[PDB]
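Note sheet for the following structure.
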Amino acid sequence: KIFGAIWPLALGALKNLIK
């Protein structure tokens, strides 16, 4: 609705921690 790169950027930062 009003979120540009919020959903795709979410998992993007996830791997940066677990991986």
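In the structure tokens, chains take the letters A, B, ... in the order shown, each chain's residues start at 1, and ligands count up from 1 in the order shown.
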DSSP says helix (DSSP H, G or I) for which residues of chain A? Put them as a PyMOL selection string? chain A and resi 7-18
